[PDB]
Each structure stands twice: as C-alpha cells, then as structure tokens.
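**Student:** Experimental coordinates for this protein are included below, preceded by the sequence.
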Amino acid sequence: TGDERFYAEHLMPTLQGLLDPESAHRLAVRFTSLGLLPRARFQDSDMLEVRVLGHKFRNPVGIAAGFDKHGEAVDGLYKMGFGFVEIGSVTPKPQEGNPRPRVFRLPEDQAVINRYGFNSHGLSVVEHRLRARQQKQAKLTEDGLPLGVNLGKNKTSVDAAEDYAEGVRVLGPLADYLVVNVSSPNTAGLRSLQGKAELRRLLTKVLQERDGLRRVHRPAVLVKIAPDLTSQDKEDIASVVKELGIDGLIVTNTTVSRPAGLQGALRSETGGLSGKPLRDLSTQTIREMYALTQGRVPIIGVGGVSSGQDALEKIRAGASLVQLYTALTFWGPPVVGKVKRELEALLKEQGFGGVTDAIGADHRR
Ligand SMILES: Cc1cc2nc3c(=O)[nH]c(=O)nc-3n(C[C@H](O)[C@H](O)[C@H](O)COP(=O)(O)O)c2cc1C
Ligand SMILES: CC(=O)Nc1ccc(-c2ccc(-c3ccccc3)cc2)cc1C(=O)O
Ligand SMILES: CCCCCCCCCC[N+](C)(C)[O-]
Ligand SMILES: O=C(O)c1cc(=O)[nH]c(=O)[nH]1
C-alpha cells in the first residue's frame, strides 16, 4: 500500500511473525534489488542537500552498512529514498560468517542483536557486481546519490592491514568513499585496531594505497568506530585522524554493552546491539568526536535513527550525514520518507535554512 501506518502496524509485524530476521533480511534484499517497493512520493527539497566528502548528497539519510553486504540492491535502495548507499563490509576472500541463528530481534526494545561475523561474497564478486553498473553509478553520484564501500577483514587473515589494503585497491576505484571498519564486535581482535599505534600504522598504509589510485578513482577514506570506546581511545583516534588527514568518521557501529532496561527475551545473546537502545550512546559519541576534531572532520552519524528528531539530534551533535538500518527492519521502506519529511519540518521549525546550517549547532549554543 506504500503507507507508513500500514507497514508499521500490519505488514511488518505479520512478516516478522512468519520469518526469522535473517530470512526476512534475505527476502528484503531480493525485493529491493528488483525495485519492488512502495511509492517513494516524498520529494527531496533543496533544504536536505549536503555537500561533503567531495560530493553532493541529495538528502542526508543513507542506508548503513550491513543491509546490502554484497552490493546486490544499490539501485533499489536509491529508489527507496536513501540519499546515499553504503554497501556491505566486504572481506578480501569469501567467507560464510557464523552459524545460524546469528541475528535476533528484541521487539520490545525496537532493537536487534547480530553476530553474523562478516559473511561476505568477497572482493572479486563485489568488484564485478559493481563494475556491471559502474557508469550508472557515476551518473547517480553526479546527480547527488553517492556510493560508499565498507571494508572488513577475513577471519583467518594473518595481516589485517594488508586485508584493508587489498580492499582499497580493488573496490576503491568503484567507490565515492571507503570505510575502514575496525569496530565490528564480531571479529576477534578487530576492535583492537582502534588503538593509537595500531590505527596509525593501519591508516597510513590505507591512505598510501588510496593516494596511489587515479584521480577519478580516488575515494575519500573514513574510519568507522565503536560506541564502546574509552575517553582515551577517542582522544587517540581524534589525534591520528588529524595527524594523517583522514577524510571522515562514521560514528558508532553496534554496541557490546547491554543497557539496563532491555526487555527482549534475547537481550543476553552475544553480538552487537543496534536500534533505539543504541541511539543516545551513539549521539554522545558523535558529539565527543566532533569536539575532539574541532568540527573539521565530517561525521556520518548512525545508531538508532528512526525519526526526523533522531536524525536532527545527531546532525546538531556534529553529523553532516546520518544512516539507519534497524529502523528499516521494524518499520519497512516507508520509514525513509518519514525521517526525511520529519527532518525537513524540524529544520524549518528550528529556524535552520537547511541541513548544512544545523551541523554541529549544539556546540555553538
Ligand atoms: C544485521 C546487522 C548487520 C550489520 N553489518 C555491518 C557490517 O557488515 N559492517 C558495518 O560497518 N556495520 C554493520 N552493521 C552496523 C550498522 O551499519 C550500524 O552501524 C548500526 O546497526 C547502528 O545503526 P542502526 O541502529 O540504525 O541499525 C550491522 C548491523 C546490523 C543490525
Ligand atoms: C537483521 C535484519 O536485517 N532484519 C530485517 C531486514 C529487512 C527487513 C525488511 C525490509 C524491507 C522490506 C520491504 C521491501 C520492499 C517492499 C516492502 C517491504 C521487508 C523486510 C525486515 C527485517 C526483520 O527483522 O524483520
Ligand atoms: C518483502 C516482502 C514484503 C511484501 C511486500 C511486498 C510489497 C510489494 C509492494 C508493491 N509495489 C511494488 C507495487 O509497490
Ligand atoms: O558482520 C557482522 O557481524 C557485523 C559487522 C559489523 O561491523 N557490525 C555488526 O554489528 N555486525
């Protein structure tokens, strides 16, 4: 029917009652890849346009990594209304991830816990999948609909930095921006790459490889961090980011914390928690990183965004763009248009000429 209320109150609840989360996810990717979606309707206004990372974004709402892990539904996602698409978290070689079940719903908390473990088709498969639509994407990007590629590492890799280096060389030429994901809570020792010494070495290699690509194929490089960092960790990341000239940060992957108050029966499953319970922890992390980097480093805010208010709070905290995933798993496609519509209304209501004017607003009051 293509209606917010119908999807949230009937279609989605029914779907989740018939299919486990991973099955619903696979089914969703299929329908999305085929463009079988409800009306978009919402028309992006000039107010939502953002210029950052060397690109124009029709609107600041993107689909976070993890929904389209292998780059199979990019075009369908733009059709859904996202201002930008970030694909997967691709590992050099293909790998299956953890055994099932590996993802769980916490309906009473509007949250999800996942421990997929980097299931990925691998760089080669994704490379050819993106090459098949490389020129179509070039036009989309020019039209204000950029593509991001999230890089991960193989479970059995003996050289983490080389895994990311490979990703930069293979998919960097096909992306507007690359994401060095060192914040997955489901890969042993991965988060330790967020440490100062280890991060500096890793990012120096990544940036060298990126700089070695032809200008037209030279993507911006961002680092995606966890919401569970100590104050010391954040200070160190900010320092390395400014020292190396990292282009941006994606703030907050899922959390390994289990906030008091979770009601879901599956709250104690191992994995990263996403959704509403993560929202403010992520917003506060965005706020801190913005201040530590003097507002000079673009931030993509993500974690628990399901409304215009959620989006604006992250923008005012310092995010230039935001992403969502879990909200889509509960409310369906209509949630994209809802967030954009509510965000536009709030911007006007609060006297902002547009999204750009609101970025980091809280720090100036
Ligand atoms: C099932 C699932 C799979 C995910 N896979 C990835 C991934 O491969 N790479 C990554 O950087 N983040 C991944 N994420 C994290 C999301 O990109 C995002 O940082 C986090 O879920 C917070 O946003 P949300 O509350 O809107 O879901 C995943 C999240 C979920 C729920
Ligand atoms: C862990 C995870 O990714 N879960 C999920 C991921 C996606 C979805 C989904 C998203 C979009 C539709 C859709 C698409 C086209 C037309 C109409 C509806 C359907 C299902 C549901 C879940 C879920 O847990 O239930
Ligand atoms: C992904 C399973 C959820 C089932 C709903 C599929 C909705 C079809 C939307 C109809 N349409 C393409 C015409 O807009
Ligand atoms: O593949 C996964 O398990 C995964 C990766 C990541 O970066 N974040 C997450 O929540 N899950």
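**Tutor:** Happy to help now that I have it. Numbering: from 1, shown residues only. Ligands and ions are numbered 1, 2, ... in the order given.
**Student:** So residue 127 is in contact with residue 173, correct?
**Tutor:** No - counting by C-beta atoms under 8 Å, residue 127 stays clear of residue 173, with 9.0 Å between them. (Each C-beta comes from the backbone N, C-alpha and C, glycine too.)
**Student:** count of residues packed around residue 2?
**Tutor:** Residue 2 has 14 neighbouring residues, counting by other C-beta atoms under 10 Å.
**Student:** Spatially nearest residue to it, not counting backbone neighbours?
**Tutor:** Setting aside the residues directly before and after it, residue 2 is nearest to residue 38 in space (C-beta to C-beta, 6 or more residues apart in numbering), at 2.9 Å.
**Student:** can you tell me which residues contact the one you found?
**Tutor:** Residues in contact with residue 38, defined by C-beta atoms under 8 Å, 6 or more residues apart in numbering, are 1-3, 7, 332-334.
**Student:** How about residue 143?
**Tutor:** For residue 143, the contact set (C-beta under 8 Å, 6+ apart) comprises residue 58.
**Student:** what about the residue most central in space within the chain, distance to residue 42?
**Tutor:** Closest residue to the average C-alpha location of the chain: residue 64 at 2.7 Å, with C-alpha atoms, centre = their mean. Shown here: residue 64 relative to residue 42, a distance of 20 Å by C-beta to C-beta, to the nearest Å.
**Student:** is any part of stretch 315-329 close to ligand 3?
**Tutor:** No - interface with ligand 3: stretch 315-329 contributes nothing (C-beta under 6 Å from any ligand atom), its closest point being 11.4 Å away.
**Student:** Could you export that stretch as CSV, CA atoms only?
**Tutor:** Coordinates of each C-alpha in stretch 315-329 appear next as CSV, following Å, rounded to 0.1, in the frame of the first residue of the first chain:
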residue,chain,number,x,y,z
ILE,A,315,23.2,16.5,13.0
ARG,A,316,23.1,19.1,15.7
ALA,A,317,25.6,17.0,17.7
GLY,A,318,28.0,17.2,14.7
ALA,A,319,27.0,14.7,12.0
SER,A,320,27.0,16.0,8.4
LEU,A,321,25.1,12.9,7.3
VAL,A,322,23.2,10.1,9.1
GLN,A,323,22.4,6.4,8.3
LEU,A,324,19.9,3.9,9.6
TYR,A,325,19.4,0.2,9.4
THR,A,326,17.5,-1.3,12.3
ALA,A,327,14.6,1.2,11.9
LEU,A,328,14.1,-0.3,8.4
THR,A,329,13.9,-3.8,9.9
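**Student:** Nearest to ligand 1 within this protein, name that residue for me.
**Tutor:** Of all residues in the chain, the one sitting closest to ligand 1 is residue 66 (2.3 Å; C-beta to the nearest ligand atom).
**Student:** backbone phi and psi for residue 61, please?
**Tutor:** Dihedral angles phi and psi of residue 61 (degrees, to the nearest 10) take the values phi -100, psi 110.
**Student:** my read: it touches residue 340, true?
**Tutor:** Yes - the pair residue 61 and residue 340 qualifies as a contact (C-beta under 8 Å) at a distance of 5.7 Å.
**Student:** what residues do those two have in common as contacts?
**Tutor:** A shared contact of residue 61 and residue 340, defined by C-beta under 8 Å, 6+ apart, is any residue touching both; here these are residue 81.
**Student:** rewinding a little: now which of the contacts of residue 38 would you call buried?
**Tutor:** Burial by neighbour count, 16 or more other C-beta atoms under 10 Å: within the contacts of residue 38 this picks out 7, 332-334.
**Student:** Closest one to ligand 4 out of the contacts of residue 38, please.
**Tutor:** Compare each of those with ligand 4 using C-beta to the nearest ligand atom and the shortest gap goes to residue 332, at 20.5 Å.
**Student:** can you give me the helices for this structure?
**Tutor:** With DSSP state H, the ranges of helices along the chain come out as 4-6, 12-18, 21-33, 74-80, 123-131, 134-142, 160-171, 196-211, 231-244, 276-292, 308-317, 326-331, 334-349, 355-358.
**Student:** hmm, back to that, restricted to strands, list the contacts of residue 38.
**Tutor:** Under the assignment DSSP state E, the contacts of residue 38 contribute nothing to strands.
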